[PDB]
């Protein structure tokens, strides 16, 4: 056959990926080559402690990604943190995603199913930003308002949005009893802060259920 070497595609930045990421259960089948497996494998992923062993199944409809994780707090934050990086990458490639607590393997916390959306439109229900924030919204400089807004758009199991967020000047801290959801939200804060400050944020565990991002290290 014949074809252009590359047709151009709009590169969506991190803000657009977060804003265009929606949970989709109803998909098409139009395409899912090994090329998209290749694309995922080449994705540079940030990790806190250890990089997980991500697996991609495209011999099932829907297609889904997953990895084995231990049922311990830090490893599940890792799963959420790395997993949402992949979700956002897939979003930017134009794929619908949904975090599924399904798994045919009994040591996998969630799968991430993906594919082309049947539908374009969606709805986004989130509690008010002030319900998440320990600070008065007015105590936040404009960069931080943006990071918090992008963090709140993160998905969470059953949309429970289990985050408490605190800005201290140097750091943005997210606490949650739900380690996977914590990791997911932390990925949004990390990726947007990286874009905003044009530096690599440092992620540090604080106490039992909090991770802080040193924003402009």
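Numbering follows the first chain given and starts at 1.
Per the PDB record, of the two stretches 173-181 and 22-30, 22-30 carries the greater mean B-factor over its C-alpha atoms. Of the two segments examined, 32-40 and 61-69, it is 32-40 that shows the higher average Cα temperature factor in the deposited entry.
The entry lists C-alpha B-factors for 80, 109, 128, 115, and the highest of these is at 109.
If you compare the C-alpha temperature factors of 101, 86, 145, 76 in the entry, 101 comes out highest. Looking at the C-alpha B-factors along this chain, the one for residue 92 belongs to the middle third. Among all modelled residues in this chain, the alpha-carbon of residue 202 has a temperature factor (C-alpha) in the middle third. Residue-level temperature factors show residue 195 in the middle third of its chain, judged at the C-alpha atom.
Ranked by Cα temperature factor within the chain, residue 56 sits in the highest third according to the deposited record.
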